Each structure stands twice: as structure tokens, then as C-alpha cells.
$ cat entry.cif   # mmCIF, C-alpha atoms
data_entry
loop_
_atom_site.group_PDB
_atom_site.id
_atom_site.type_symbol
_atom_site.label_atom_id
_atom_site.label_comp_id
_atom_site.auth_asym_id
_atom_site.auth_seq_id
_atom_site.Cartn_x
_atom_site.Cartn_y
_atom_site.Cartn_z
ATOM 1 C CA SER A 1 1.530 9.720 30.631
ATOM 2 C CA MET A 2 -0.799 12.454 31.968
ATOM 3 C CA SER A 3 0.805 15.911 31.459
ATOM 4 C CA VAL A 4 4.106 14.171 30.340
ATOM 5 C CA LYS A 5 4.663 14.241 26.589
ATOM 6 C CA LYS A 6 7.550 13.314 24.286
ATOM 7 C CA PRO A 7 8.547 16.210 21.977
ATOM 8 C CA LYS A 8 5.969 16.843 19.121
ATOM 9 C CA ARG A 9 7.160 15.254 15.759
ATOM 10 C CA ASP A 10 5.949 17.526 12.887
ATOM 11 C CA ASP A 11 3.232 15.529 11.075
ATOM 12 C CA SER A 12 1.723 18.467 9.112
ATOM 13 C CA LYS A 13 3.298 17.339 5.776
ATOM 14 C CA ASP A 14 2.444 13.621 6.170
ATOM 15 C CA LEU A 15 -0.723 13.823 3.967
ATOM 16 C CA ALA A 16 1.154 15.448 1.098
ATOM 17 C CA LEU A 17 4.125 13.184 1.376
ATOM 18 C CA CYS A 18 1.978 9.944 1.486
ATOM 19 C CA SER A 19 0.144 11.292 -1.657
ATOM 20 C CA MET A 20 3.500 11.705 -3.420
ATOM 21 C CA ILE A 21 4.638 8.241 -2.510
ATOM 22 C CA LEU A 22 1.321 6.805 -3.726
ATOM 23 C CA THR A 23 1.721 8.745 -7.009
ATOM 24 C CA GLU A 24 5.107 7.176 -7.534
ATOM 25 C CA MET A 25 3.618 3.708 -6.804
ATOM 26 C CA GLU A 26 0.714 4.401 -9.250
ATOM 27 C CA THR A 27 3.131 5.277 -12.062
ATOM 28 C CA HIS A 28 5.616 2.432 -11.608
ATOM 29 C CA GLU A 29 5.521 0.059 -14.583
ATOM 30 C CA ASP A 30 4.873 -2.952 -12.361
ATOM 31 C CA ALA A 31 1.843 -1.306 -10.647
ATOM 32 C CA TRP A 32 -0.681 -2.843 -13.107
ATOM 33 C CA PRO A 33 -1.763 -5.816 -10.888
ATOM 34 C CA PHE A 34 -2.518 -3.329 -8.043
ATOM 35 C CA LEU A 35 -4.171 -0.277 -9.683
ATOM 36 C CA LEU A 36 -7.778 -1.466 -9.217
ATOM 37 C CA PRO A 37 -9.680 -3.802 -6.969
ATOM 38 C CA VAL A 38 -9.474 -7.498 -7.903
ATOM 39 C CA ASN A 39 -12.771 -8.392 -9.635
ATOM 40 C CA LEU A 40 -14.372 -10.742 -7.130
ATOM 41 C CA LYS A 41 -16.905 -12.027 -9.658
ATOM 42 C CA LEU A 42 -14.227 -12.974 -12.188
ATOM 43 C CA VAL A 43 -11.357 -14.312 -10.042
ATOM 44 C CA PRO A 44 -12.196 -17.625 -8.456
ATOM 45 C CA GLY A 45 -11.004 -18.065 -4.909
ATOM 46 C CA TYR A 46 -10.237 -14.375 -4.255
ATOM 47 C CA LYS A 47 -13.276 -13.464 -2.245
ATOM 48 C CA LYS A 48 -12.988 -16.367 0.208
ATOM 49 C CA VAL A 49 -9.267 -16.458 0.564
ATOM 50 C CA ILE A 50 -8.363 -12.727 0.797
ATOM 51 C CA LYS A 51 -10.166 -11.406 3.801
ATOM 52 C CA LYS A 52 -9.203 -7.738 3.301
ATOM 53 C CA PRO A 53 -8.763 -6.781 -0.395
ATOM 54 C CA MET A 54 -6.757 -3.617 -0.995
ATOM 55 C CA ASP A 55 -5.524 -1.803 -4.077
ATOM 56 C CA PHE A 56 -3.966 1.559 -4.966
ATOM 57 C CA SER A 57 -7.244 3.176 -6.143
ATOM 58 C CA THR A 58 -8.923 2.289 -2.842
ATOM 59 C CA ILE A 59 -5.934 3.676 -0.890
ATOM 60 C CA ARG A 60 -6.067 6.818 -3.055
ATOM 61 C CA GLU A 61 -9.800 7.350 -2.237
ATOM 62 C CA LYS A 62 -9.234 6.662 1.524
ATOM 63 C CA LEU A 63 -6.314 9.167 1.473
ATOM 64 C CA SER A 64 -8.298 11.828 -0.331
ATOM 65 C CA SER A 65 -11.301 11.597 2.043
ATOM 66 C CA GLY A 66 -9.496 11.643 5.448
ATOM 67 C CA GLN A 67 -9.885 8.031 6.203
ATOM 68 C CA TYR A 68 -6.231 7.553 7.368
ATOM 69 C CA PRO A 69 -5.839 8.777 10.943
ATOM 70 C CA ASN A 70 -2.047 8.776 10.651
ATOM 71 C CA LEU A 71 0.878 7.770 8.340
ATOM 72 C CA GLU A 72 1.098 4.250 9.921
ATOM 73 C CA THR A 73 -2.442 3.316 8.962
ATOM 74 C CA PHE A 74 -1.523 4.387 5.393
ATOM 75 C CA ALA A 75 1.595 2.115 5.345
ATOM 76 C CA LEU A 76 -0.526 -0.790 6.704
ATOM 77 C CA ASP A 77 -2.879 -0.613 3.674
ATOM 78 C CA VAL A 78 0.029 -0.354 1.203
ATOM 79 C CA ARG A 79 1.698 -3.418 2.843
ATOM 80 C CA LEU A 80 -1.685 -5.225 2.786
ATOM 81 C CA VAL A 81 -1.695 -4.893 -1.016
ATOM 82 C CA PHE A 82 1.626 -6.833 -1.147
ATOM 83 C CA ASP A 83 0.736 -9.332 1.546
ATOM 84 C CA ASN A 84 -2.430 -10.131 -0.335
ATOM 85 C CA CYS A 85 -0.451 -10.535 -3.575
ATOM 86 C CA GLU A 86 1.971 -12.985 -1.887
ATOM 87 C CA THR A 87 -0.949 -14.954 -0.428
ATOM 88 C CA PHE A 88 -2.526 -15.517 -3.856
ATOM 89 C CA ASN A 89 0.317 -15.565 -6.398
ATOM 90 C CA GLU A 90 3.341 -17.787 -6.873
ATOM 91 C CA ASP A 91 6.704 -15.929 -6.393
ATOM 92 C CA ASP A 92 7.658 -17.167 -9.897
ATOM 93 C CA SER A 93 4.810 -15.436 -11.799
ATOM 94 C CA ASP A 94 4.610 -12.015 -13.381
ATOM 95 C CA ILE A 95 2.213 -10.814 -10.664
ATOM 96 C CA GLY A 96 4.257 -12.445 -7.814
ATOM 97 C CA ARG A 97 7.415 -10.710 -9.049
ATOM 98 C CA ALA A 98 5.527 -7.425 -9.518
ATOM 99 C CA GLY A 99 4.485 -7.599 -5.881
ATOM 100 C CA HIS A 100 7.971 -8.176 -4.568
ATOM 101 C CA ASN A 101 9.344 -5.344 -6.721
ATOM 102 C CA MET A 102 6.651 -2.879 -5.588
ATOM 103 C CA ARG A 103 7.088 -3.713 -1.906
ATOM 104 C CA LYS A 104 10.825 -3.059 -2.203
ATOM 105 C CA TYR A 105 10.168 0.196 -4.048
ATOM 106 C CA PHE A 106 7.641 1.313 -1.403
ATOM 107 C CA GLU A 107 9.814 0.450 1.585
ATOM 108 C CA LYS A 108 12.723 2.491 0.308
ATOM 109 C CA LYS A 109 10.559 5.541 -0.378
ATOM 110 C CA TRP A 110 9.044 5.102 3.069
ATOM 111 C CA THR A 111 12.420 4.967 4.911
ATOM 112 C CA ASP A 112 13.893 7.816 2.879
ATOM 113 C CA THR A 113 10.884 10.105 3.336
ATOM 114 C CA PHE A 114 10.139 9.462 7.045
ATOM 115 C CA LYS A 115 13.083 7.590 8.823
#
$ encode --input "entry.cif" --output "C-alpha cells"
Amino acid sequence: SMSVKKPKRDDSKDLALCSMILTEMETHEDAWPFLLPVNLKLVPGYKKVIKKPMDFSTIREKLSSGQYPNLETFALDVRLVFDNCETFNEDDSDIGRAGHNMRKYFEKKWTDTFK
């Protein structure tokens, strides 16, 4: 509350560390469904069904231009990429499986880097 603060967690490396995580996501072999925005002209249903499209290139541009106020807003956009994938793709598909694998990969890097 006013003039009563919890001890200051060091957040000065968060930007660099989120960039490293995102690099590792970009270079994973199952990243290919997620590297670029879904083409809304060429994928029937996507525009109407997926209210907030997100992809790694879009996260990379937001990261690079100071559009994440903190590390939690960054994790929300990464998770959105996988939540979107699960909304649109059967679990038993190459893309569905890719999404589950990437989410698992991300969540471990996240816990190990920050928790």
C-alpha cells in the first residue's frame, strides 16, 4: 500500500532473458506453424474464430519495440499462440502436436529462467 513496498525483485535482465527464450522457441524444429501470422485471406474460418491472432514474429516485433510492459504480458502472448493453436487444430494433427510440444518446451524454459 502507500509507502509500504515488498522487496524489489530485480527485473533489469527480463528483456534479455525473454529474447533468449523466444530465440530458442524460434529455432525449435516444431516452431514452423507459429513463425508467421496465419494468412487470414487463405485460411478459411481463422479470422472469425480466432479473436486475437498471435505468432512468434509478432511477439518478436512487440519485444523489440517496448510493447511488453513486463515479463507476464510477454508470457500471455506466447501462451496465446498455443491456445489459439488448440482452438483451431485437432490434437491428433501435425500442427496440434506441434502446439502441445512447444507449450511444454516454453513452460519449462519459463520456470527454469524465472521461478
$ resolve_selection --input "entry.cif" --expression "the PyMOL selection byres ((chain A and resi 10-16) around 12)" --output "MDAnalysis selection string"
chainID A and resid 7:9 17:23 60 62:75 110 113:114
$ closest_residue --input "entry.cif" --among "A:45, A:40, A:25, A:77" --to "residue 104 in chain A" --atoms "only C-alpha atoms"
A:25
$ residues_around --input "entry.cif" --residues "residue 32 in chain A" --least-positions-apart "4" --cutoff "10 Å" --atoms "all atoms listed in the file" --output "number ranges by chain"
A: 26-28, 36, 56, 95, 98
$ axis_aligned_box --input "entry.cif" --around "range 48-63 of chain A" --padding-each-side "6 Å" --output "AutoDock Vina command-line options"
--center_x -8.5 --center_y -3.6 --center_z -1.2 --size_x 21.0 --size_y 37.6 --size_z 21.9
$ atom_distance --input "entry.cif" --atom1 "CA of residue 81 in chain A" --atom2 "CA of residue 99 in chain A"
8.3 Å
$ closest_residue --input "entry.cif" --among "A:109, A:6, A:51, A:41" --to "residue 88 in chain A" --atoms "only C-alpha atoms"
A:51
$ closest_residue --input "entry.cif" --among "A:59, A:24, A:30, A:111" --to "residue 97 in chain A" --atoms "only C-alpha atoms"
A:30
$ closest_residue --input "entry.cif" --among "A:105, A:54, A:5, A:92" --to "residue 39 in chain A" --atoms "all atoms listed in the file"
A:54
$ closest_residue --input "entry.cif" --among "A:108, A:94, A:115, A:52" --to "residue 31 in chain A" --atoms "only C-alpha atoms"
A:94
$ decode --input "entry.cif" --residues "range 4-111 of chain A" --atoms "C-alpha atoms" --output "compact mmCIF listing (two decimals), in the first residue's frame"
# COMPACT_ATOMS: atom_id res chain seq x y z
CA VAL A 4 4.70 0.07 2.10
CA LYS A 5 6.51 -1.98 -0.52
CA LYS A 6 7.55 -5.63 -0.83
CA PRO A 7 11.30 -6.01 -1.53
CA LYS A 8 12.28 -5.03 -5.18
CA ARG A 9 12.70 -8.19 -7.43
CA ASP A 10 15.49 -7.45 -9.99
CA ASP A 11 13.74 -7.17 -13.38
CA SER A 12 16.63 -5.48 -15.26
CA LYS A 13 17.55 -8.70 -17.19
CA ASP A 14 13.94 -9.67 -18.07
CA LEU A 15 14.10 -8.16 -21.62
CA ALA A 16 17.26 -10.07 -22.49
CA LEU A 17 16.10 -13.28 -20.96
CA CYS A 18 12.63 -13.17 -22.73
CA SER A 19 14.57 -12.53 -26.03
CA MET A 20 16.67 -15.65 -25.39
CA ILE A 21 13.66 -17.77 -24.65
CA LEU A 22 11.95 -16.50 -27.82
CA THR A 23 15.12 -17.33 -29.82
CA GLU A 24 15.01 -20.87 -28.55
CA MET A 25 11.29 -21.10 -29.49
CA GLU A 26 12.05 -19.66 -32.98
CA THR A 27 14.71 -22.31 -33.63
CA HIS A 28 12.82 -25.35 -32.35
CA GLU A 29 12.02 -27.75 -35.20
CA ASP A 30 8.31 -27.72 -34.39
CA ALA A 31 8.09 -23.88 -34.49
CA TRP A 32 7.06 -23.81 -38.20
CA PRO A 33 3.26 -23.44 -37.63
CA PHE A 34 3.96 -20.41 -35.36
CA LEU A 35 6.77 -18.41 -37.05
CA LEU A 36 4.48 -16.06 -39.01
CA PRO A 37 0.96 -14.75 -38.78
CA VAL A 38 -1.75 -17.10 -40.09
CA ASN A 39 -2.76 -15.81 -43.55
CA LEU A 40 -6.31 -14.62 -42.94
CA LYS A 41 -7.10 -14.45 -46.66
CA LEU A 42 -6.04 -18.06 -47.27
CA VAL A 43 -7.24 -19.92 -44.15
CA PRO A 44 -10.99 -20.18 -44.00
CA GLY A 45 -12.51 -19.71 -40.58
CA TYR A 46 -9.40 -18.22 -38.93
CA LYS A 47 -10.38 -14.59 -38.95
CA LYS A 48 -13.81 -15.12 -37.38
CA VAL A 49 -12.93 -17.82 -34.95
CA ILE A 50 -9.56 -16.60 -33.54
CA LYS A 51 -10.24 -13.27 -31.97
CA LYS A 52 -6.60 -12.45 -31.12
CA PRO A 53 -4.09 -13.96 -33.60
CA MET A 54 -0.53 -14.22 -32.32
CA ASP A 55 2.69 -15.64 -33.69
CA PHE A 56 6.41 -15.59 -32.86
CA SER A 57 7.31 -12.86 -35.40
CA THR A 58 4.66 -10.55 -33.94
CA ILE A 59 5.91 -11.27 -30.39
CA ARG A 60 9.48 -10.62 -31.60
CA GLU A 61 8.47 -7.18 -33.03
CA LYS A 62 6.47 -6.27 -29.86
CA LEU A 63 9.50 -7.29 -27.72
CA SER A 64 11.95 -5.31 -29.81
CA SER A 65 9.85 -2.10 -29.73
CA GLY A 66 8.99 -1.93 -25.98
CA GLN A 67 5.47 -3.04 -26.28
CA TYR A 68 5.66 -5.51 -23.32
CA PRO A 69 5.31 -3.63 -20.04
CA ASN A 70 6.56 -6.62 -18.05
CA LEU A 71 7.55 -10.34 -18.36
CA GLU A 72 3.94 -11.51 -17.64
CA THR A 73 2.49 -9.71 -20.64
CA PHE A 74 5.18 -11.47 -22.72
CA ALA A 75 4.19 -14.94 -21.36
CA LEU A 76 0.50 -14.14 -22.07
CA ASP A 77 1.23 -13.62 -25.80
CA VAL A 78 3.36 -16.79 -26.01
CA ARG A 79 0.54 -18.80 -24.31
CA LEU A 80 -1.99 -17.14 -26.67
CA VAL A 81 -0.10 -18.66 -29.62
CA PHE A 82 -0.72 -22.16 -28.14
CA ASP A 83 -4.26 -21.50 -27.00
CA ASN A 84 -5.09 -20.33 -30.48
CA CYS A 85 -3.48 -23.46 -31.97
CA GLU A 86 -5.57 -25.72 -29.68
CA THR A 87 -8.74 -23.82 -30.59
CA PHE A 88 -8.25 -24.42 -34.33
CA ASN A 89 -6.37 -27.72 -34.69
CA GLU A 90 -7.16 -31.28 -33.71
CA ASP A 91 -4.77 -32.71 -31.02
CA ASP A 92 -4.07 -35.59 -33.47
CA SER A 93 -2.63 -33.45 -36.31
CA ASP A 94 0.90 -32.35 -37.04
CA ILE A 95 0.07 -28.75 -36.06
CA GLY A 96 -1.92 -29.82 -32.92
CA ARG A 97 1.03 -31.91 -31.73
CA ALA A 98 3.47 -29.11 -32.59
CA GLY A 99 1.48 -26.79 -30.36
CA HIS A 100 1.47 -29.12 -27.39
CA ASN A 101 5.21 -29.75 -27.77
CA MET A 102 6.04 -26.02 -27.98
CA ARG A 103 3.90 -25.12 -24.97
CA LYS A 104 5.70 -27.76 -22.90
CA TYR A 105 9.07 -26.51 -24.14
CA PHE A 106 8.16 -22.89 -23.32
CA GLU A 107 6.80 -23.62 -19.85
CA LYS A 108 9.96 -25.40 -18.78
CA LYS A 109 12.21 -22.60 -20.01
CA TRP A 110 9.93 -20.14 -18.26
CA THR A 111 10.04 -21.94 -14.86
